[PDB]
């Protein structure tokens, strides 16, 4: 049994660890540096931010990951989606479930018209996970991000509600 539940202050500890792991943040072009105090101040800052919906992917025993619908625009009705499953719990398909539930939330609850995401071109794993759900590559932004000491190309992929 797996579920998605709103992010809570009490969970920031977990979110702290993830945000300070190099391997995880790198694949998503993030910086693996964030004090718990800064994370808590950011949680408080965006407490009423209706452009974001940060969730927690939880299995039958503990929290396993995070999934975020960010840049939620209510005029164009689209939003970016980000998924991060801790490598400790990779091996059990949590990413696909979290992705499906996040898509269902964005379309059926937030009434979004389109979802999009940026994925490292070399991250064929996540690329295939996304393609399985109906996401189609719409762009190839070359040298759009800098990580591991090099500029990396990123696929801009997306999915329309009409296609879902």
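Numbering follows the first chain given and starts at 1.
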Segment of higher mean CA temperature factor, 17 to 25 or 138 to 146: 17 to 25
Give the stretch, out of 97 to 105 and 122 to 130, with the larger mean C-alpha temperature factor in the deposited entry. 122 to 130
The largest CA temperature factor among 40, 111, 51, 62 is found at 62
Hey, what third does residue 5 fall into on Cα B-factor, ranked over its chain? lowest
